[PDB]
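Enquirer: Quick one, structure.csv (CSV, C-alpha atoms and all ligand atoms):
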chain,number,residue,atom,x,y,z
A,1,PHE,CA,20.0,32.4,89.0
A,2,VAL,CA,17.3,29.9,90.1
A,3,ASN,CA,18.9,27.1,88.1
A,4,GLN,CA,22.2,27.8,90.0
A,5,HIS,CA,20.3,27.9,93.3
A,6,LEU,CA,18.8,24.4,92.6
A,7,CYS,CA,22.1,23.1,91.4
A,8,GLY,CA,23.8,24.2,94.6
A,9,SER,CA,21.2,22.4,96.6
A,10,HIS,CA,22.3,19.1,95.1
A,11,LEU,CA,26.0,20.0,95.2
A,12,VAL,CA,26.0,20.3,99.0
A,13,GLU,CA,24.4,16.9,99.3
A,14,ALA,CA,27.0,15.3,97.0
A,15,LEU,CA,29.7,17.0,99.1
A,16,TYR,CA,28.2,15.6,102.3
A,17,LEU,CA,28.2,12.1,100.9
A,18,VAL,CA,31.7,12.0,99.4
A,19,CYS,CA,33.4,14.0,102.2
A,20,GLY,CA,32.0,12.0,105.0
A,21,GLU,CA,33.9,12.4,108.3
A,22,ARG,CA,36.3,15.0,106.8
A,23,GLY,CA,33.6,17.7,106.4
A,24,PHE,CA,33.8,20.5,103.9
A,25,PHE,CA,33.5,24.2,103.3
A,26,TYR,CA,31.0,25.4,100.8
A,27,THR,CA,31.7,28.9,99.3
A,28,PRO,CA,29.7,29.9,96.2
A,29,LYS,CA,31.2,33.3,95.8
B,1,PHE,CA,20.6,2.9,113.2
B,2,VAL,CA,22.1,5.6,111.0
B,3,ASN,CA,20.4,8.5,112.8
B,4,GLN,CA,23.4,10.9,112.9
B,5,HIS,CA,24.1,10.4,109.2
B,6,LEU,CA,20.5,11.2,108.3
B,7,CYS,CA,20.4,14.2,110.6
B,8,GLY,CA,23.6,15.6,109.0
B,9,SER,CA,22.1,15.2,105.5
B,10,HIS,CA,19.2,17.5,106.5
B,11,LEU,CA,21.4,20.0,108.5
B,12,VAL,CA,23.5,20.6,105.4
B,13,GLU,CA,20.4,21.4,103.3
B,14,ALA,CA,19.1,23.8,106.0
B,15,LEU,CA,22.5,25.5,106.2
B,16,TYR,CA,22.6,25.9,102.4
B,17,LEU,CA,19.2,27.7,102.6
B,18,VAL,CA,20.0,29.8,105.6
B,19,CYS,CA,23.5,30.9,104.7
B,20,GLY,CA,22.9,31.8,101.1
B,21,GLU,CA,25.8,33.5,99.3
B,22,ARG,CA,27.9,33.4,102.5
B,23,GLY,CA,28.2,29.7,102.3
B,24,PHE,CA,29.0,27.5,105.3
B,25,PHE,CA,31.3,25.0,106.9
B,26,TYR,CA,30.2,21.5,107.9
B,27,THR,CA,32.5,19.5,110.3
B,28,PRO,CA,30.8,16.4,111.7
B,29,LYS,CA,33.6,15.9,114.3
C,1,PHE,CA,7.1,22.4,82.5
C,2,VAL,CA,9.7,20.1,84.2
C,3,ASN,CA,11.8,23.0,85.4
C,4,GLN,CA,8.8,24.3,87.4
C,5,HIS,CA,8.1,20.8,88.7
C,6,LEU,CA,11.7,20.6,90.0
C,7,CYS,CA,11.6,24.1,91.5
C,8,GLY,CA,8.4,23.4,93.4
C,9,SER,CA,10.0,20.4,95.0
C,10,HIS,CA,12.6,22.7,96.6
C,11,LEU,CA,10.1,25.4,97.3
C,12,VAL,CA,8.1,23.1,99.6
C,13,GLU,CA,11.2,22.0,101.4
C,14,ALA,CA,12.2,25.6,102.0
C,15,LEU,CA,8.6,26.5,103.2
C,16,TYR,CA,8.8,23.6,105.7
C,17,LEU,CA,12.0,24.9,107.2
C,18,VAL,CA,11.0,28.5,107.2
C,19,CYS,CA,7.4,28.1,108.5
C,20,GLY,CA,8.1,25.6,111.3
C,21,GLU,CA,5.1,25.1,113.6
C,22,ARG,CA,3.0,27.5,111.7
C,23,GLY,CA,2.8,25.1,108.7
C,24,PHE,CA,2.0,26.4,105.2
C,25,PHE,CA,-0.3,26.1,102.3
C,26,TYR,CA,1.1,25.1,98.9
C,27,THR,CA,-1.3,26.0,96.1
C,28,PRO,CA,0.5,26.2,92.7
C,29,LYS,CA,-2.7,27.6,91.1
D,1,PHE,CA,12.1,16.2,118.6
D,2,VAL,CA,14.4,15.9,115.7
D,3,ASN,CA,13.0,12.5,114.6
D,4,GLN,CA,9.6,14.1,114.0
D,5,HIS,CA,11.2,17.1,112.3
D,6,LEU,CA,13.0,14.8,109.9
D,7,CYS,CA,9.9,12.7,109.2
D,8,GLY,CA,7.9,15.9,108.4
D,9,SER,CA,10.5,16.9,105.9
D,10,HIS,CA,9.9,13.6,103.9
D,11,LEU,CA,6.1,13.8,104.4
D,12,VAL,CA,6.1,17.2,102.7
D,13,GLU,CA,7.9,15.9,99.7
D,14,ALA,CA,5.5,12.9,99.4
D,15,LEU,CA,2.5,15.3,99.6
D,16,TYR,CA,4.0,17.4,96.8
D,17,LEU,CA,4.3,14.4,94.5
D,18,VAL,CA,0.9,12.7,95.2
D,19,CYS,CA,-1.1,16.0,95.3
D,20,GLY,CA,0.3,17.5,92.1
D,21,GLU,CA,-1.7,20.4,90.7
D,22,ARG,CA,-4.1,20.3,93.7
D,23,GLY,CA,-1.5,21.5,96.2
D,24,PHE,CA,-1.9,20.8,100.0
D,25,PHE,CA,-1.9,22.2,103.5
D,26,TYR,CA,0.7,21.2,106.0
D,27,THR,CA,-0.4,21.9,109.6
D,28,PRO,CA,1.6,19.7,112.1
D,29,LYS,CA,-0.2,21.4,115.0
E,2,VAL,CA,9.2,4.4,109.7
E,3,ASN,CA,13.0,4.6,110.3
E,4,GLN,CA,13.7,2.2,107.5
E,5,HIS,CA,11.4,4.0,105.1
E,6,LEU,CA,13.3,7.3,105.8
E,7,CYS,CA,16.7,5.6,105.5
E,8,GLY,CA,15.7,4.0,102.2
E,9,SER,CA,14.9,7.4,100.8
E,10,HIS,CA,18.5,8.5,101.4
E,11,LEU,CA,19.9,5.2,100.2
E,12,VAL,CA,18.5,5.7,96.7
E,13,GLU,CA,19.9,9.2,96.5
E,14,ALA,CA,23.4,7.9,97.5
E,15,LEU,CA,23.1,5.1,94.9
E,16,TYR,CA,22.1,7.6,92.2
E,17,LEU,CA,25.3,9.7,92.9
E,18,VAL,CA,27.6,6.7,93.3
E,19,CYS,CA,26.5,4.8,90.2
E,20,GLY,CA,26.3,7.7,87.8
E,21,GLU,CA,25.4,6.8,84.2
E,22,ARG,CA,25.7,3.1,85.1
E,23,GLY,CA,22.3,3.2,86.9
E,24,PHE,CA,21.5,0.9,89.8
E,25,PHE,CA,19.1,-1.7,91.1
E,26,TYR,CA,17.1,-1.1,94.2
E,27,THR,CA,15.5,-4.1,95.7
E,28,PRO,CA,14.6,-4.1,99.4
E,29,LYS,CA,12.6,-7.3,99.5
F,1,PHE,CA,24.0,17.8,80.9
F,2,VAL,CA,23.5,19.0,84.5
F,3,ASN,CA,19.7,19.6,83.9
F,4,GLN,CA,19.2,15.9,83.2
F,5,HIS,CA,21.4,15.0,86.2
F,6,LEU,CA,19.2,17.1,88.5
F,7,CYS,CA,16.0,15.7,86.9
F,8,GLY,CA,17.1,12.1,87.4
F,9,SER,CA,17.8,12.8,91.1
F,10,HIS,CA,14.2,13.7,91.6
F,11,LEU,CA,13.0,10.8,89.4
F,12,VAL,CA,14.7,8.2,91.6
F,13,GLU,CA,13.0,9.7,94.7
F,14,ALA,CA,9.6,9.5,93.0
F,15,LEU,CA,10.3,5.9,91.9
F,16,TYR,CA,11.2,5.0,95.5
F,17,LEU,CA,7.9,6.3,96.8
F,18,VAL,CA,5.8,4.8,94.0
F,19,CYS,CA,7.5,1.4,93.7
F,20,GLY,CA,7.8,0.6,97.5
F,21,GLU,CA,8.6,-3.1,98.2
F,22,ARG,CA,8.7,-3.8,94.5
F,23,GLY,CA,11.9,-1.8,94.1
F,24,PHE,CA,13.2,-0.7,90.7
F,25,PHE,CA,16.0,-0.8,88.2
F,26,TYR,CA,17.3,2.6,87.3
F,27,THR,CA,19.0,2.8,83.9
F,28,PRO,CA,19.8,6.2,82.4
F,29,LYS,CA,20.4,5.2,78.8
G,1,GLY,CA,29.7,20.9,117.3
G,2,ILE,CA,26.6,21.3,115.1
G,3,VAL,CA,25.8,17.6,115.3
G,4,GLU,CA,25.9,17.4,119.1
G,5,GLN,CA,23.9,20.7,119.2
G,6,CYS,CA,21.2,20.0,116.6
G,7,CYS,CA,20.5,16.3,116.2
G,8,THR,CA,18.4,15.7,119.4
G,9,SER,CA,16.7,19.0,119.9
G,10,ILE,CA,15.7,21.1,116.8
G,11,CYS,CA,17.8,24.1,115.9
G,12,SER,CA,16.0,27.1,114.6
G,13,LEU,CA,17.2,28.7,111.4
G,14,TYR,CA,18.4,31.5,113.7
G,15,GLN,CA,20.6,29.1,115.5
G,16,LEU,CA,21.9,27.5,112.3
G,17,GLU,CA,23.1,30.9,111.1
G,18,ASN,CA,26.0,30.6,113.5
G,19,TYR,CA,27.5,28.1,111.2
G,20,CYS,CA,27.5,30.3,108.1
G,21,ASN,CA,30.8,31.6,106.8
H,1,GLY,CA,1.4,32.4,92.6
H,2,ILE,CA,4.5,31.3,94.6
H,3,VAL,CA,5.8,29.4,91.5
H,4,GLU,CA,5.7,32.5,89.2
H,5,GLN,CA,7.3,34.7,91.9
H,6,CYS,CA,9.9,32.2,93.1
H,7,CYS,CA,10.9,30.0,90.2
H,8,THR,CA,11.9,32.9,88.0
H,9,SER,CA,14.1,34.6,90.5
H,10,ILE,CA,15.3,33.4,93.9
H,11,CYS,CA,13.0,34.2,96.9
H,12,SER,CA,14.7,35.1,100.2
H,13,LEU,CA,13.6,33.3,103.3
H,14,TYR,CA,11.7,36.5,104.3
H,15,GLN,CA,9.8,36.4,101.0
H,16,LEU,CA,8.9,32.7,101.5
H,17,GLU,CA,7.6,33.5,105.0
H,18,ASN,CA,4.8,35.3,103.2
H,19,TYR,CA,3.4,31.8,102.5
H,20,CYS,CA,3.4,30.4,106.0
H,21,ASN,CA,0.1,29.9,107.9
I,1,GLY,CA,34.2,28.5,91.9
I,2,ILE,CA,32.5,25.1,92.5
I,3,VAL,CA,29.3,26.5,91.0
I,4,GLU,CA,31.0,27.6,87.8
I,5,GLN,CA,32.7,24.2,87.5
I,6,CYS,CA,29.9,21.9,88.5
I,7,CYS,CA,26.6,23.5,87.5
I,8,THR,CA,27.6,23.6,83.8
I,9,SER,CA,29.0,20.1,83.5
I,10,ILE,CA,28.4,17.1,85.7
I,11,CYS,CA,31.2,16.7,88.3
I,12,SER,CA,31.8,13.1,89.3
I,13,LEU,CA,32.2,12.3,93.0
I,14,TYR,CA,35.9,12.0,92.4
I,15,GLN,CA,36.2,15.6,91.3
I,16,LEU,CA,34.0,16.8,94.2
I,17,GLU,CA,36.3,15.1,96.6
I,18,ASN,CA,38.8,17.9,95.9
I,19,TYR,CA,36.6,20.2,97.8
I,20,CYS,CA,36.6,18.2,101.0
I,21,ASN,CA,38.4,19.4,104.2
J,1,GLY,CA,19.2,-6.9,102.0
J,2,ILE,CA,20.3,-3.4,101.3
J,3,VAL,CA,18.2,-1.8,104.0
J,4,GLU,CA,19.2,-4.5,106.6
J,5,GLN,CA,22.9,-3.9,105.7
J,6,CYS,CA,22.9,-0.2,105.2
J,7,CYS,CA,20.3,1.2,107.7
J,8,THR,CA,21.7,-0.4,110.9
J,9,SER,CA,25.2,0.8,110.2
J,10,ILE,CA,26.5,3.3,107.6
J,11,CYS,CA,27.6,1.7,104.3
J,12,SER,CA,30.7,3.1,102.5
J,13,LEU,CA,30.7,4.1,98.8
J,14,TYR,CA,32.4,0.7,98.0
J,15,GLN,CA,29.6,-1.2,99.6
J,16,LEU,CA,27.1,1.0,97.8
J,17,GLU,CA,28.9,0.4,94.5
J,18,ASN,CA,27.8,-3.2,94.9
J,19,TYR,CA,24.3,-2.1,93.7
J,20,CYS,CA,25.4,-0.3,90.5
J,21,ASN,CA,24.5,-1.8,87.2
K,1,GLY,CA,-2.5,14.8,112.9
K,2,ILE,CA,-0.5,13.8,109.9
K,3,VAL,CA,2.6,13.5,112.0
K,4,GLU,CA,1.0,11.3,114.6
K,5,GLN,CA,-0.5,9.1,111.9
K,6,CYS,CA,2.4,9.0,109.4
K,7,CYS,CA,5.5,9.2,111.5
K,8,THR,CA,4.6,6.3,113.8
K,9,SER,CA,3.6,4.0,110.9
K,10,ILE,CA,4.2,4.2,107.2
K,11,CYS,CA,1.4,5.9,105.1
K,12,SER,CA,0.9,4.7,101.6
K,13,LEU,CA,0.4,7.3,98.8
K,14,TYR,CA,-3.3,6.4,98.9
K,15,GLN,CA,-3.5,7.5,102.6
K,16,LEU,CA,-1.5,10.6,101.9
K,17,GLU,CA,-3.9,11.7,99.2
K,18,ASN,CA,-6.4,12.6,102.0
K,19,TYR,CA,-4.3,15.6,102.9
K,20,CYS,CA,-4.4,17.1,99.4
K,21,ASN,CA,-6.9,19.9,99.1
L,1,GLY,CA,14.3,5.9,78.3
L,2,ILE,CA,12.8,7.2,81.5
L,3,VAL,CA,15.0,10.4,81.2
L,4,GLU,CA,13.8,11.2,77.6
L,5,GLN,CA,10.2,10.5,78.7
L,6,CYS,CA,10.1,12.2,82.1
L,7,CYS,CA,12.6,15.1,82.0
L,8,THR,CA,11.1,16.7,78.9
L,9,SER,CA,7.5,16.6,80.3
L,10,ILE,CA,6.1,15.8,83.8
L,11,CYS,CA,5.3,12.1,84.3
L,12,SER,CA,2.5,11.3,86.8
L,13,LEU,CA,2.9,8.7,89.5
L,14,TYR,CA,0.9,6.3,87.2
L,15,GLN,CA,3.4,6.7,84.4
L,16,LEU,CA,6.3,6.2,86.8
L,17,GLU,CA,4.9,2.9,88.1
L,18,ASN,CA,5.7,1.6,84.7
L,19,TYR,CA,9.3,1.5,85.7
L,20,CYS,CA,8.8,-0.4,88.9
L,21,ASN,CA,9.9,-4.1,89.1
M,1,LIG,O1,13.6,8.1,112.7
M,1,LIG,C1,14.7,8.9,112.7
M,1,LIG,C2,15.2,9.3,111.5
M,1,LIG,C3,16.4,10.1,111.5
M,1,LIG,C4,16.9,10.5,112.7
M,1,LIG,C5,16.3,10.1,113.9
M,1,LIG,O2,16.8,10.5,115.1
M,1,LIG,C6,15.2,9.3,113.9
M,2,LIG,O1,18.1,20.5,114.3
M,2,LIG,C1,17.9,20.3,113.0
M,2,LIG,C2,18.4,19.1,112.4
M,2,LIG,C3,18.2,18.9,111.0
M,2,LIG,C4,17.6,19.8,110.3
M,2,LIG,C5,17.2,21.0,110.8
M,2,LIG,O2,16.6,22.0,110.1
M,2,LIG,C6,17.3,21.3,112.2
M,3,LIG,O1,13.1,30.9,94.9
M,3,LIG,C1,13.4,29.7,95.5
M,3,LIG,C2,13.1,28.5,94.8
M,3,LIG,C3,13.3,27.3,95.5
M,3,LIG,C4,13.8,27.2,96.7
M,3,LIG,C5,14.2,28.4,97.4
M,3,LIG,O2,14.7,28.4,98.6
M,3,LIG,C6,13.9,29.6,96.8
M,4,LIG,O1,27.9,18.7,88.8
M,4,LIG,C1,27.0,18.3,89.8
M,4,LIG,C2,26.0,19.2,90.2
M,4,LIG,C3,25.1,18.9,91.2
M,4,LIG,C4,25.2,17.6,91.8
M,4,LIG,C5,26.2,16.7,91.4
M,4,LIG,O2,26.3,15.5,92.0
M,4,LIG,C6,27.1,17.1,90.4
M,5,LIG,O1,24.1,3.5,105.1
M,5,LIG,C1,23.7,4.7,104.4
M,5,LIG,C2,22.4,5.0,104.5
M,5,LIG,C3,21.9,6.1,103.8
M,5,LIG,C4,22.8,6.9,103.0
M,5,LIG,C5,24.1,6.5,103.0
M,5,LIG,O2,25.0,7.3,102.2
M,5,LIG,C6,24.6,5.4,103.7
M,6,LIG,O1,4.5,7.6,106.5
M,6,LIG,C1,5.4,8.4,105.8
M,6,LIG,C2,6.4,9.2,106.4
M,6,LIG,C3,7.3,10.0,105.5
M,6,LIG,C4,7.2,9.8,104.1
M,6,LIG,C5,6.3,8.9,103.6
M,6,LIG,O2,6.3,8.8,102.2
M,6,LIG,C6,5.4,8.2,104.4
M,7,LIG,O1,0.0,4.6,93.4
M,7,LIG,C1,-0.5,5.9,93.3
M,7,LIG,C2,-0.2,6.6,92.1
M,7,LIG,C3,-0.7,7.9,92.0
M,7,LIG,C4,-1.5,8.5,93.0
M,7,LIG,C5,-1.8,7.7,94.2
M,7,LIG,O2,-2.6,8.3,95.2
M,7,LIG,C6,-1.3,6.4,94.3
M,8,LIG,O1,8.7,14.0,85.3
M,8,LIG,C1,9.2,13.9,86.5
M,8,LIG,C2,10.5,14.3,86.7
M,8,LIG,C3,11.1,14.2,88.0
M,8,LIG,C4,10.3,13.8,89.1
M,8,LIG,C5,9.0,13.5,88.9
M,8,LIG,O2,8.2,13.2,89.9
M,8,LIG,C6,8.4,13.5,87.6
M,9,CL,CL,16.6,20.5,90.7
M,10,CL,CL,15.6,11.2,107.7
M,11,NA,NA,22.7,5.6,115.7
M,12,ZN,ZN,16.5,19.5,92.7
M,13,ZN,ZN,15.7,12.3,105.7
The structure given in the file should be rewritten as structure tokens.
Expert:
Amino acid sequence: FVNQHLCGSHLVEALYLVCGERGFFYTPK
Amino acid sequence: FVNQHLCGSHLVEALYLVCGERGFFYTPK
Amino acid sequence: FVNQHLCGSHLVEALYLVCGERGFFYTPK
Amino acid sequence: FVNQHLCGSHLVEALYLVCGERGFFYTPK
Amino acid sequence: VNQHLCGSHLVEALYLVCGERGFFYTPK
Amino acid sequence: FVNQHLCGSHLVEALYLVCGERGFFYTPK
Amino acid sequence: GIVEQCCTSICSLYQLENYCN
Amino acid sequence: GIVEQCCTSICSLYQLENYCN
Amino acid sequence: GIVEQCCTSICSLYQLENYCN
Amino acid sequence: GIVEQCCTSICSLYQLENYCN
Amino acid sequence: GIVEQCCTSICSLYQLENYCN
Amino acid sequence: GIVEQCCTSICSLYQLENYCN
């Protein structure tokens, strides 16, 4: 559970970087 | 200076924490 | 002990956002 | 002021790394 | 201080872009 | 291995703070 | 927009909740 | 301490508030 | 979901791009 | 340098790729 | 404070160590 | 490498300085 919490933290930062201007929706469930 | 870009990076991290399992949407436009 | 080291990095960033002006004490003891 | 808010966020991470086992107190006020 | 904060985000972007290739960070 | 990917993300941030002007070469393998 | 709303004045976690799904 | 409590299972923002000044 | 796909194996920035708007 | 180039204006991933080994 | 001192000019890790308890 | 050395056990700032240029 915590491992996934930490992984998600980095995931959103990677999404912010690659998606740039387009933006993104983050839905874990 | 890249202020808006740096600001966005931090907003995304705060949204991840705040929103939890609900997730969120990030649209920079 | 590296898992714990990584977790604490995120813990302090969450405390910073949650506590705001109040500030916080981080004592891993 | 967002610039101070963003600076504080990095300061907290630097303190976590330099202080190690000792921990630290963050009181912006 | 602005450049120092920017530099922190730069290394993180480099880490993700370069992958297992690794990268070189040299400000000077 | 995601655990190594996440660990390296924190390693680079620590290197950035410790090395400063000297800079560094980051090579995984 | 979140950027126009939160990048000059600090948004509380309470305000940020408006951007959750 | 906070590490034992919060690195084993996820702590909510309310639980983390317990450690503010 | 993205967690199941990317927290087990490393997703490259190319793969992640599929989750952008 | 990289800070001069990438902190005044935002560098794209292509420009950042320049620094990969 | 730490913010007045380290956000207006860059503090080295040596200077930051003063705020460890 | 740095990974094998520092992701299996915690490296101090002194050990990490070894990897600076
Ligand atoms: O010094 C900074 C850093 C990031 C955003 C900003 O408005 C100022
Ligand atoms: O207004 C803001 C901007 C960036 C991060 C944050 O938590 C709040
Ligand atoms: O339990 C945790 C651990 C790390 C960050 C966080 O927000 C919660
Ligand atoms: O698969 C992943 C997980 C977290 C961050 C990332 O860049 C890739
Ligand atoms: O120009 C920049 C500066 C910091 C991060 C980034 O992705 C781009
Ligand atoms: O003076 C500062 C401000 C923020 C981070 C840091 O390492 C130093
Ligand atoms: O360069 C360093 C390394 C470790 C601790 C410190 O205060 C400074
Ligand atoms: O051993 C490590 C691994 C990651 C960050 C760090 O400061 C030390
Ligand atoms: Cl992590
Ligand atoms: Cl910043
Ligand atoms: Na700007
Ligand atoms: Zn992490
Ligand atoms: Zn920042």
Enquirer: Could you write out chain J as an mmCIF file with C-alpha atoms, in the frame of the given file once it has been least-squares superposed on chain I using every ordered C-alpha pair?
Expert:
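Ended up saving to out-v2.cif:
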data_model
loop_
_atom_site.group_PDB
_atom_site.id
_atom_site.type_symbol
_atom_site.label_atom_id
_atom_site.label_comp_id
_atom_site.auth_asym_id
_atom_site.auth_seq_id
_atom_site.Cartn_x
_atom_site.Cartn_y
_atom_site.Cartn_z
ATOM 1 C CA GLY J 1 34.608 28.181 91.244
ATOM 2 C CA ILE J 2 32.622 25.203 92.312
ATOM 3 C CA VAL J 3 29.350 26.390 90.848
ATOM 4 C CA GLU J 4 31.046 27.487 87.536
ATOM 5 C CA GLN J 5 32.709 24.016 87.317
ATOM 6 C CA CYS J 6 29.953 21.845 88.596
ATOM 7 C CA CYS J 7 26.666 23.522 87.431
ATOM 8 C CA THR J 8 27.469 23.758 83.682
ATOM 9 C CA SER J 9 28.486 20.138 83.475
ATOM 10 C CA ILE J 10 28.077 17.289 86.009
ATOM 11 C CA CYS J 11 31.075 16.827 88.345
ATOM 12 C CA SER J 12 32.133 13.258 89.323
ATOM 13 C CA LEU J 13 32.673 12.155 92.954
ATOM 14 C CA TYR J 14 36.493 12.589 92.397
ATOM 15 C CA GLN J 15 36.050 16.168 91.396
ATOM 16 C CA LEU J 16 33.727 16.687 94.339
ATOM 17 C CA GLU J 17 36.275 15.090 96.673
ATOM 18 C CA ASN J 18 38.448 18.081 95.859
ATOM 19 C CA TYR J 19 36.291 20.122 98.326
ATOM 20 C CA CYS J 20 36.555 17.745 101.321
ATOM 21 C CA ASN J 21 38.493 18.848 104.318
#
Enquirer: Residues within 12 Å of (20.4, 18.4, 117.7), file coordinates, counting all atoms listed in the file: what are they? Give the list as a ChimeraX atom specification.
Expert: /B:3-4,6-8,10-11 /D:1-3,5-6 /G:1-12,15-16
Enquirer: Would you mind listing, as a PyMOL selection string, all residues of chain D that have at least one atom within 9 Å of chain L, where all atoms listed in the file are what counts?
Expert: chain D and resi 17-18+20
Enquirer: Which residues, written as JSON, numbers by chain, have at least one atom at most 10 Å from residue 22 of chain C, with all atoms listed in the file counted and residues fewer than 5 positions away on the same chain left out?
Expert: {"C": [16], "D": [26, 27, 28, 29], "H": [20, 21]}
Enquirer: Please produce, as JSON lines, a per-residue contact table for chain E versus chain D (criterion: any atom at most 12 Å away, only C-alpha atoms considered), showing the nearest atom pair and its distance in Å to one decimal, sorted by chain then residue number.
Expert:
{"residue": "E:2", "atom": "CA", "partner": "D:7", "partner_atom": "CA", "distance": 8.3}
{"residue": "E:3", "atom": "CA", "partner": "D:7", "partner_atom": "CA", "distance": 8.7}
{"residue": "E:4", "atom": "CA", "partner": "D:7", "partner_atom": "CA", "distance": 11.3}
{"residue": "E:5", "atom": "CA", "partner": "D:7", "partner_atom": "CA", "distance": 9.7}
{"residue": "E:6", "atom": "CA", "partner": "D:7", "partner_atom": "CA", "distance": 7.2}
{"residue": "E:7", "atom": "CA", "partner": "D:7", "partner_atom": "CA", "distance": 10.5}
{"residue": "E:8", "atom": "CA", "partner": "D:10", "partner_atom": "CA", "distance": 11.3}
{"residue": "E:9", "atom": "CA", "partner": "D:10", "partner_atom": "CA", "distance": 8.5}
{"residue": "E:10", "atom": "CA", "partner": "D:10", "partner_atom": "CA", "distance": 10.3}
Enquirer: Figure out the distance between atom CA of residue 11 of chain E and atom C5 of ligand LIG 5 (chain M), please, to one decimal in Å.
Expert: 5.2 Å
Enquirer: Work out how far apart atom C6 of ligand LIG 2 (chain M) and atom CA of residue 19 of chain E are and give it in Å to one decimal.
Expert: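 Atom-to-atom, atom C6 of ligand LIG 2 (chain M) to atom CA of residue 19 of chain E, that is 29.0 Å.
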Enquirer: One decimal, in Å: what's the spacing between atom CA of residue 24 of chain E and atom CA of residue 12 of chain E?
Expert: 8.9 Å
Enquirer: Starting from the sparse input, extend segment 3-16 of chain E to N, CA, C and O atoms and give the output as a compact mmCIF listing (two decimals), in the coordinates of the input.
Expert:
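Dumped everything to rebuild.txt:
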# COMPACT_ATOMS: atom_id res chain seq x y z
N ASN E 3 11.52 4.34 110.47
CA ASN E 3 13.00 4.60 110.30
C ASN E 3 13.59 4.04 109.05
O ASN E 3 14.41 4.70 108.42
N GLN E 4 13.22 2.81 108.70
CA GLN E 4 13.70 2.20 107.50
C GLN E 4 13.26 2.86 106.24
O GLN E 4 14.01 2.98 105.26
N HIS E 5 12.00 3.28 106.23
CA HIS E 5 11.40 4.00 105.10
C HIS E 5 12.25 5.30 104.83
O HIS E 5 12.57 5.63 103.69
N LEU E 6 12.53 6.04 105.91
CA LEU E 6 13.30 7.30 105.80
C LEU E 6 14.73 6.95 105.35
O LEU E 6 15.29 7.61 104.47
N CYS E 7 15.32 5.92 105.94
CA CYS E 7 16.70 5.60 105.50
C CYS E 7 16.71 5.19 104.04
O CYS E 7 17.60 5.62 103.32
N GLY E 8 15.72 4.41 103.60
CA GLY E 8 15.70 4.00 102.20
C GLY E 8 15.62 5.16 101.24
O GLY E 8 16.20 5.09 100.15
N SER E 9 14.98 6.26 101.64
CA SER E 9 14.90 7.40 100.80
C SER E 9 16.33 8.01 100.52
O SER E 9 16.66 8.41 99.41
N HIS E 10 17.16 8.02 101.55
CA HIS E 10 18.50 8.50 101.40
C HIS E 10 19.45 7.59 100.70
O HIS E 10 20.36 8.01 99.99
N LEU E 11 19.17 6.30 100.84
CA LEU E 11 19.90 5.20 100.20
C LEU E 11 19.81 5.35 98.64
O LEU E 11 20.80 5.17 97.94
N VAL E 12 18.61 5.57 98.12
CA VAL E 12 18.50 5.70 96.70
C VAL E 12 19.19 6.86 96.16
O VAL E 12 19.77 6.82 95.06
N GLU E 13 19.20 7.95 96.94
CA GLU E 13 19.90 9.20 96.50
C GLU E 13 21.41 8.96 96.51
O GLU E 13 22.12 9.48 95.65
N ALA E 14 21.92 8.22 97.49
CA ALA E 14 23.40 7.90 97.50
C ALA E 14 23.70 7.02 96.34
O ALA E 14 24.72 7.19 95.68
N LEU E 15 22.84 6.05 96.05
CA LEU E 15 23.10 5.10 94.90
C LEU E 15 23.10 5.88 93.62
O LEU E 15 23.90 5.58 92.73
N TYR E 16 22.23 6.87 93.49
CA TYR E 16 22.10 7.60 92.20
C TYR E 16 23.46 8.36 91.99
O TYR E 16 23.93 8.44 90.85
